[PDB]
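Chemist: next input, structure requested:
(2 chains, ligands or ions: 2)
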Amino acid sequence: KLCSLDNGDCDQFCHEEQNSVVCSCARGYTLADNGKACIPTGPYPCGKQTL
Amino acid sequence: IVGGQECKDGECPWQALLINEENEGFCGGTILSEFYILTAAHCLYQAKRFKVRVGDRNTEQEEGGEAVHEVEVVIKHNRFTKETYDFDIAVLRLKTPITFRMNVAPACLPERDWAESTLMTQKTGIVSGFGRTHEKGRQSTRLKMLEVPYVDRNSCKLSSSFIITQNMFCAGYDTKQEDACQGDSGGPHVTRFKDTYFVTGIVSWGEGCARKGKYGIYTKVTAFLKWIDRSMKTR
Ligand SMILES: O=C1CN(S(=O)(=O)c2ccc3cc(Cl)ccc3c2)CCN1CC1CCN(c2ccncc2)CC1
Ligand SMILES: [Ca+2]
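Modeler: Numbering: from 1, shown residues only, chains lettered A, B, ... in the order given. Ligands and ions are numbered 1, 2, ... in the order given. Okay, here it is:
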């Protein structure tokens, strides 16, 4: 709980909903198994500088 | 872009340029998706017919990864007001979908609450464009990127000479010679977080270019987020 400690340990969007913290991701990602990190699902994710 | 750095391969893939019939770039823009480019509303006045250009970083050579798209429909915010520059924002619908490749990738849209809290409280923000490097100089030929620190909502209002409404924020340097400038309007103002950038501002207006005691006013994207949604289905 508390998306204020360090963004709730989320890689992106974080929601203090009720008690515990809830993470989520931009459009194009998917929340990882741990429920925090955001994994790309396509070749050119938004927000990421091309390589 | 007064001062600032230079975008390197892949550094600013969400940039987009609005070119006129004379094929000169007159404004900037951000890539949201394969079909939509974000931009400053007042930019739709300095050129009868125009097209959006992406994947370009040197307007005079050919990195080969450029692309000129045509506009199917231009969505302007109904409440725009030239006289005041309020509700200055528009979205463009591309006829031909954007093909994401190196130096060509969309920029993520934040979640309003999460944004204004975590994003808009970061120390800095990335502004970029092919705009004037000096207040009275010519326009840029290379794609630039400055790092504008967030200004205090209040100092901002005091330094002004005009009213910074609900729909706009300040960013830049008091005295430091670093600001955006002519031709950078509409241009992207992204904020970095854990190696990922989010759209948080549309190069709107400013008094001069990097003037002492003067700041840079961008369009508060976080506010028009619900708008940008139903606008990406045209409305
Ligand atoms: O001083 C200038 C500079 N240019 S700019 O160089 O191309 C230019 C263009 C975009 C920029 C964007 C940023 Cl973030 C910073 C500097 C910029 C510089 C734009 C126009 N003006 C003057 C006008 C400025 C806005 N204004 C109002 C009116 C009512 N209510 C509010 C504001 C009246 C006079
Ligand atoms: Ca080029």
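
Chemist: use CA for all of it now, contacts and neighbours both
Modeler: Noted.

Chemist: centroid-nearest residue for chain B?
Modeler: For chain B, residue B:187 is the residue whose C-alpha lies nearest the centre (CA atoms, centre = their mean; 2.1 Å).

Chemist: residues in contact with it?
Modeler: B:15-17, B:27-30, B:39-40, B:127-129, B:202-203 (CA atoms under 8 Å, 6 or more residues apart in numbering or on different chains).

Chemist: secondary structure element for the spatially closest residue to it that is not a sequence neighbour?
Modeler: The shortest distance from residue B:187 to any non-neighbouring residue, by CA to CA, 6 or more residues apart in numbering or on different chains, is to residue B:28 (3.9 Å). Element membership of residue B:28, judged by DSSP states H and E, is strand B:25-31.

Chemist: what pairs with that strand, parallel or antiparallel?
Modeler: As defined by DSSP bridges, the strand partners of strand B:25-31 come to strand B:15-20 (antiparallel), strand B:36-39 (antiparallel).

Chemist: that older thread, number of residues surrounding the residue nearest to residue B:187?
Modeler: Neighbour count of residue B:28, defined by other CA atoms under 10 Å in any protein chain shown: 30.

Chemist: any residue of the strand holding residue B:28 up close to ligand 1?
Modeler: No: on the criterion CA under 6 Å from any ligand atom, strand B:25-31 is out of touch with ligand 1, staying 9.3 Å away.

Chemist: please save the CA atoms from that strand in PDB.
Modeler: Taking C-alpha atoms only, strand B:25-31 is exported to PDB below (Å, rounded to 0.1, in the frame of the first residue of the first chain):
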ATOM      1  CA  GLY B  25       8.400  22.300 -41.400                       C
ATOM      2  CA  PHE B  26       6.200  24.800 -39.700                       C
ATOM      3  CA  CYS B  27       5.200  22.900 -36.500                       C
ATOM      4  CA  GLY B  28       5.800  19.800 -34.400                       C
ATOM      5  CA  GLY B  29       3.800  16.900 -33.100                       C
ATOM      6  CA  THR B  30       3.800  13.700 -31.100                       C
ATOM      7  CA  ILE B  31       3.100  10.200 -32.300                       C
END
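
Chemist: ok, now which ones touch residue A:19?
Modeler: Here residue A:19 is in contact with residue A:1 (criterion: CA under 8 Å, 6+ apart).

Chemist: if I've got this straight, it is in a helix?
Modeler: No: Residue A:19: not assigned to a helix; according to DSSP: H, G, I helix; E, B strand; the rest coil it is coil.

Chemist: any idea how far it is from residue A:7?
Modeler: 15 Å (CA to CA, to the nearest Å).

Chemist: closest residue of chain A to ligand 1?
Modeler: residue A:47 (20.8 Å; CA to the nearest ligand atom).

Chemist: which of the contacts of residue B:187 tops the neighbour count?
Modeler: Neighbour max across the contacts of residue B:187 (other CA under 10 Å) = residue B:129, 37 neighbours.

Chemist: would you mind measuring from residue B:176 to residue B:85?
Modeler: From residue B:176 to residue B:85 the distance is 25 Å (CA to CA).

Chemist: could you do residue B:142 as well?
Modeler: Taking CA to CA, one finds residue B:142 at 28 Å from residue B:85.

Chemist: more neighbours: which of the two?
Modeler: residue B:85 (20 against 17).

Chemist: got the contact list for the more buried one?
Modeler: B:42, B:204, B:205.

Chemist: ok, and which of the residues you listed reach chain A?
Modeler: Among the contacts of residue B:85, no residue sits close to chain A (CA under 8 Å from any CA of the partner chain).

Chemist: among those, which are in helices?
Modeler: Using DSSP state H, no member of the contacts of residue B:85 sits in helices.

Chemist: now the buried members of those residues.
Modeler: Listed as buried from the contacts of residue B:85 are B:42, B:204, B:205; burial here means 16 or more other CA atoms under 10 Å in any protein chain shown.

Chemist: quick one: the first one and residue B:91 touch, right?
Modeler: No: using CA atoms under 8 Å, residue B:42 is not in contact with residue B:91; the gap is 11.9 Å.

Chemist: for the helix ranked longest in chain B, packing partners?
Modeler: For chain B, the helix that runs over the most residues, judged by DSSP H, is helix B:153-159. If you count contacts as 3 or more CA pairs under 8 Å, 6 or more residues apart in numbering or on different chains; DSSP states H and E, helix B:153-159 packs onto strand B:169-171.

Chemist: is ligand 1 contacted by the next helix or strand after the strand it packs on?
Modeler: Where DSSP H and E defines the elements, the next helix or strand beyond strand B:169-171 is strand B:188-193. No: figure legend: strand B:188-193 not in contact with ligand 1 (CA under 6 Å from any ligand atom); closest approach 8.8 Å.

Chemist: sweet, I'm off.
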